Amino acid sequence: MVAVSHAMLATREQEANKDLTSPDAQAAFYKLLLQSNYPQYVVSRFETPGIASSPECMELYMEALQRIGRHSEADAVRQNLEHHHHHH
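Its PDB header attributes the entry to solution NMR.

Per the PDB entry, the recorded name for the protein is Mitochondrial inner membrane i-AAA protease supercomplex subunit YME1, and the organism is Saccharomyces cerevisiae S288c.

(A) Expanded view of unusual backbone geometry. Phi is positive for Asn 37, close to 60 degrees, though the residue is something other than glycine. Relative to the assigned elements, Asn 37 resides in the loop between α2 (23-35) and α3 (39-46).

(B) Expanded view of the packing of aromatic side chains. Enumeration over the complete set of coordinates arrives at three aromatic pairs. Residues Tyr 30 and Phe 46 carry aromatic rings whose centres are separated by 6.2 Å and whose planes lie at 65 degrees to one another, so their mutual orientation is edge-to-face. Of this pair, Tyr 30 sits in helix α2 while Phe 46 sits in helix α3, placing them 16 residues apart in sequence. Like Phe 46, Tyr 30 is buried. Following the ring pairs from residue to residue traces out a cluster consisting of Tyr 30, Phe 46 and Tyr 61. The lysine or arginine in question, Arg 45, covers the ring of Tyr 30, its NZ or CZ lying 5.3 Å from the ring centre.

(C) Expanded view of the side chain of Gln 26. Residue position: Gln 26 is located in helix α2. Overall, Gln 26 belongs to the buried group, its relative accessible area being 0%. If we ignore the near neighbours within four places in the chain, the residues touching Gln 26 are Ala 16, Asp 19, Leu 20, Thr 21, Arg 45, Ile 51, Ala 52 and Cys 57.

(D) A look at the nonpolar core. Counting 19 residues, the largest nonpolar core has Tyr 30, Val 42, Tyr 61, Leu 65 and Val 77 as the members making the most contacts within it. Sorting the residues of this core by element identifies α2, α3, α4 (55-67) and α5 (71-82) as the ones contributing at least two each. If you tally residues by element for this core, the top one is α4, at seven residues. If we skip the residues at most four places from it in the chain, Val 77 touches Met 58, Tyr 61, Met 62 and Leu 65.

(E) Structural view of the side chain of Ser 54. In this fold, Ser 54 is placed in the loop between α3 and α4. Setting aside anything within four residues of it in sequence, one finds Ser 54 in contact with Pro 23 and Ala 27.

Basis of the calculations
- Residues numbered from 1 in each chain as written, not as in the entry; some residues may be left out.
- Heavy atoms only, no water.
- Helix = DSSP H or I, 4+ residues; strand = E, 2+ residues; numbered from the N terminus.
- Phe/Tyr/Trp six-rings, centres within 6.5 Å; stacked < 30°, edge-to-face > 60°.
- Buried < 20%, exposed > 50% of the residue type's maximum accessible area, 1.4 Å probe, protein only.
- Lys NZ or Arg CZ within 6 Å of the ring centre and 35° of its normal.
- Contact = heavy atoms within 4.5 Å.
- Core = buried A, V, L, I, M, F, W, Y, C linked by side-chain atoms within 4.5 Å.

Right under this line is the structure:
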């Protein structure tokens, strides 16, 4: 039984802030927020067009929406996943 440290979360966030145009770094941050019970944070961030987004990120966003009882927003995200661009 090993306890989880809060410092890990901070480090990852710092990297993301330094570079917001790297979808990879963003994806990791999104995951961390969900694990630590921060769905509200996931939403506020994902909605800022300045930060990168990847398919993985989209899924993370959807999960957060569910947690906070935002049904409408969740449905919208799903539709986006169904059609990426041209091929489903």
